[PDB]
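One structure is given below, encoded as structure tokens.
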Amino acid sequence: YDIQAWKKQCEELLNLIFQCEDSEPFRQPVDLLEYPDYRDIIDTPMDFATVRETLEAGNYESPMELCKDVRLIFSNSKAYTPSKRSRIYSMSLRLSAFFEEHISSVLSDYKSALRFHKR
Ligand SMILES: CC(=O)NCc1ccc(S(N)(=O)=O)cc1
């Protein structure tokens, strides 16, 4: 029932994601010189370095907020390269499955700890 445990759990999950080769296209903001029409399609860019820096700055109140930003990385990838046979597409799908598999217990433990606190 530790209300604060999610933060270190998210730091460790982000470390695993950075070690994953599938995270390479998502480690830093999309380069607008390489993809000049990116902002014509994507309203809110997101990447794992921005997620990590938001977490380290103490700017996430809950793991649900972090999860919303990570999910935005994947939805941006799907919206920008929607060829279900593109390299980045396939990397996004595997990394998303890995993230969802590991974030589930982080969210469950946090929601349980908060429900216990407010009992
Ligand atoms: C990160 C993003 O959404 N766009 C950049 C990008 C990177 C790789 C590829 S790809 N499909 O050739 O692997 C297409 C676009």
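We label chains A, B, ... in the order they appear in the structure tokens, count residues from 1 in each chain, and number ligands from 1 in the order shown.
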
**Request:** Could you tell me, as a PyMOL selection string, which residues of chain A DSSP assigns to alpha helix (DSSP H) when given the backbone?
**Result:** chain A and resi 6-19+38-41+48-56+63-80+87-117

Proximity check chain A to ligand 1, 6 Å, nearest pairs one decimal Å, only C-alpha atoms and all ligand atoms, as a tab-separated table:
residue	atom	partner	partner_atom_place_in_ligand_line	distance
A:25	CA	ligand 1	1 (C)	5.2
A:26	CA	ligand 1	1 (C)	5.8
A:30	CA	ligand 1	1 (C)	5.3
A:77	CA	ligand 1	3 (O)	4.0
A:80	CA	ligand 1	3 (O)	5.4
A:81	CA	ligand 1	11 (N)	5.7
A:86	CA	ligand 1	11 (N)	4.1
A:87	CA	ligand 1	13 (O)	3.5
A:88	CA	ligand 1	13 (O)	3.3
A:89	CA	ligand 1	11 (N)	5.8

**Request:** Identify which of the residues A:49, A:20, A:14, A:64 lies closest to residue 106 (chain A), counting only C-alpha atoms when measuring atom-to-atom distances.
**Result:**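 Looking at the shortest contact to residue 106 (chain A), the residue is A:64.
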
**Message:** Give me, as a ChimeraX atom specification, all polymer residues having an atom no more than 10 Å from residue 109 (chain A), counting only C-alpha atoms and skipping those fewer than 2 positions away in the same chain.
**Reply:** /A:1-3,5-6,104-107,111-115

**Request:** In Å, rounded to a single decimal, give me how far CA of residue 75 (chain A) is from CA of residue 40 (chain A).
**Result:** 15.1 Å

**Item:** A:79, A:16, A:67, A:91 ranked by distance to residue 39 (chain A), top pick (using only C-alpha atoms)
**Value:**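 Counting only C-alpha atoms, the residue closest to residue 39 (chain A) is A:79.
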
**Asked** Hey, which of A:38, A:98, A:60, A:74 ends up closest to residue 4 (chain A)? Count only C-alpha atoms.
**Response**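 For residue 4 (chain A), the nearest of the given residues is A:60.
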
**Prompt:** Out of A:90, A:9, A:57, A:73, which residue has the shortest atom-to-atom distance to residue 45 (chain A) when counting only C-alpha atoms?
**Reply:**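 Nearest to residue 45 (chain A): A:73.
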
**Asked** Separation of CA of residue 32 (chain A) and CA of residue 63 (chain A), in Å?
**Response** 29.0 Å
